[PDB]
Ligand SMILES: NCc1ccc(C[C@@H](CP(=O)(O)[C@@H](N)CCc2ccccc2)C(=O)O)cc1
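Shown next as structure tokens: one chain only, the form deposited without the named molecule.
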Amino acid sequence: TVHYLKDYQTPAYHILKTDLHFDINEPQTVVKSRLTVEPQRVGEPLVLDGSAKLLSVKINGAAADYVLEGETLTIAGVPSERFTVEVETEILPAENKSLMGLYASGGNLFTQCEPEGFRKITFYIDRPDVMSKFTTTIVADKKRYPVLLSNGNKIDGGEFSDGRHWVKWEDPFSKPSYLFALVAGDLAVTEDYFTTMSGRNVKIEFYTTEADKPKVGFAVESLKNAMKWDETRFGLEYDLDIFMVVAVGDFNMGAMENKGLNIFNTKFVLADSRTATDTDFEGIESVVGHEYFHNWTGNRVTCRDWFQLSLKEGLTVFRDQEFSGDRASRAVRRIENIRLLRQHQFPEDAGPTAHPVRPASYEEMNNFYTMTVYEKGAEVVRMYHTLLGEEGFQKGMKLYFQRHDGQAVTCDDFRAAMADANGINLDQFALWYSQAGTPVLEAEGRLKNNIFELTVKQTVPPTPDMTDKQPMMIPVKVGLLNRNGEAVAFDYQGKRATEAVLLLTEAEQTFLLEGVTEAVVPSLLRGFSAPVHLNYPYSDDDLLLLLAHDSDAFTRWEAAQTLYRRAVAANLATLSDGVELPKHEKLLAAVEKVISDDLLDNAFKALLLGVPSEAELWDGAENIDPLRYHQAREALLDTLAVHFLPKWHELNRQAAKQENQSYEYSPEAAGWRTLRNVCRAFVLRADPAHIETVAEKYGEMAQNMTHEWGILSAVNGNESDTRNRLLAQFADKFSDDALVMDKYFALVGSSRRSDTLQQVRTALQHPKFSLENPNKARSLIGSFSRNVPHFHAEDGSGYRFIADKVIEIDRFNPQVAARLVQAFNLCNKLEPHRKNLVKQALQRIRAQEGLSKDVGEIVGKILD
């Protein structure tokens, strides 16, 4: 069964009220529902999704005639007007390792319903265009389960003689089933509040383990920032007098926006300076923000169907990105977002699983929680902002909510509102949702008479879903610099400005920027103005100029990225010829000017010193030997490390001095640490023996996790025995901290040392490792899967190991397995010996009896 967007039809039934009652016992939990049903297409059979053990079903209090087949329950004869359905189900939550539905974690009970988990709790119409008002009663042993939560307001509760107690939660806002949540357990509470702009108090409650409670203060503060910001930037206000957040250690995703009761992977909720990196702190802020932002972009307005997922996720990622940029370091954070997009989304769009931001079809929707839908999604939203300016963007938002509050809508609807609110036509803009693949811009510039003539071509390649790709609406932001690097004005569309947005809408256009009276070098796609590859024929000297002098952060960074890229290409040539490495003399010149320029933002400096990844370097190539790209990259870094070794120590020391013992998270302090960690990595490349020194004062350097992580990362590839001793000490010191143990496993899994495969196989049996825990599994196995020299070992060991673990995880958690199997996405682009080995492994996965739909769908795309 494949689901197609073209077949969407409205539901035959609506569900008006959903009354749930949960009776929690050992080992089983019994769910009794009462649904109020409203026929839309009278006489149609009533069709309910469900997979929990069914004990009884009734229509108006009476035993119903029905049939159960697969995961559907069908009742043929049903009233021609309002009726009730009552379903009784039974669940064994300790047996649930998929972590979808109602499941156990650390002795407590949690739910995860998006996208189709609710049907694992009860039989229901489990689709997001069906919206109902829920009231949830929960009964459980008081001592084992003192804390009992669901969405909305708590309106009643009591005690029973036998030790049980009960609560009743009423959520007055209609909602689709994926936004339901229940939590039951012995949990510590952290209390606070925010007062909305119209003077209402909102009680905030974070729930964690008793031991984890001291690590939740920064999450709380981030939430209060996020609430404030949604008021001031979007005019959005919270709509209940309670907001609850619950941390859980077994969780497949990052976090979940259930209405008034968000549930969060601990890793996006818990931090202190001793156990979390500054980056961990920044993740907490974006993710807490993100989930709070969903309250409007997702909850108040939800999705008509899952094909529309990006209507909530692209827009909400844009929101969280804007929140973080407004808090601090906007340009640096923009680049970070771009780099992530190019490093993970682009390879997606170039590979077997490429899909549109709004898929036309899917077998299993859990496979479409992807970088394309989320990050490419946010870029598309961002382009509306680019075309319309902030004020015009907020007008779209207003009309969006005016029209669609309380509805389940589509990406077309969102487009229409940005279009109608500003009286502009965005018909062509729809292709950003329906056409997959990364557009490629070919660009030429000519200065003749006093005009700079900029010719621009676009193609979008075929992807596996679609061959025909029509030209798109693509904004390209541009500047010019003279030989001395200063801004240059030009005349475009009437105005004389120093920058413009050129709007490419055709296969090829020329843009005339008139009034130029200097030799100029153009700066293109400023701010990464659209998610595309641009080729322009720049000299190295042109790049050196852009880098030293250009006013836009991205374009300066892209220029360094481009030099790094050219240097790696040069390295591949010589190593391939068996000759000495190139001298990269201009590059080294440029790095030196970056290292030494003290007017550069510290974090930005750090990004300028980052070399593109192996996946970026093999973009577009065929017959890839990943190790040869890896050896080329490694050679560059070794050259940079050795060549500038003493400047790496000095930068380090300047950064230490600037940090000034301010060990707590702050954007300012974090910037210095980011730079200090880049130096540590280069130093330990050039001089692995410096590890013994580092060890001698480890205590003294380990003033926070940012420092321990950065030192541990820098040595992680060192073949010294000391590397192993330090990891073992790290495991020992932080053995009770599960999020820190995830770091240990990530280090084990990512190491470039020659023995990583066996060290990984020992880690599987470490007393703190659980294959059944998604954080752990990703940490060790996911990391190994991305470890280029080891995953792509010529002997096939890496591919065989990963394929076994795909097979093994998929028996309890198909989601984690389907994410893992994507490590093989490069299959058809590898050189023949590795391709054969990859194809064998994918055949072996395919051959497993009982293989999930999740993994099957992915292996099909790679193999067939």
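Heads up: residue numbers just count along the shown sequence, starting at 1.
Keep in mind that the form deposited with the named molecule bound is not shown, yet the notes after this line are about it.
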Practice task
Could you tell me which of 379-387, 326-334, 499-507, 169-177 sits within 4.5 Å of the named molecule in the deposited bound form, going by non-hydrogen atoms?
Solution key: 169-177
Handout entry: in the deposited bound form, the residue from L640, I595, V202, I91 that sits within 4.5 Å of the named molecule by heavy atoms
Key = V202
Handout entry: Of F429, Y238, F218, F452, the one that lies within 4.5 Å of the named molecule in the deposited bound form (heavy atoms)
Key = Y238
Exercise for the section: Answer with yes or no whether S720 is in contact with the named molecule in the deposited bound form, where contact means some heavy atom within 4.5 Å. Expected result: no
Problem - Interface membership of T562, the named molecule in the deposited bound form, 4.5 Å heavy atom rule - result: no
Exercise for the section: Answer yes if any heavy atom of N153 is within 4.5 Å of a heavy atom of the named molecule in the deposited bound form; otherwise answer no. Expected result: yes
Exercise for the section: Mark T74 yes when one of its heavy atoms lies within 4.5 Å of a heavy atom of the named molecule in the deposited bound form, and no otherwise. Expected result: no
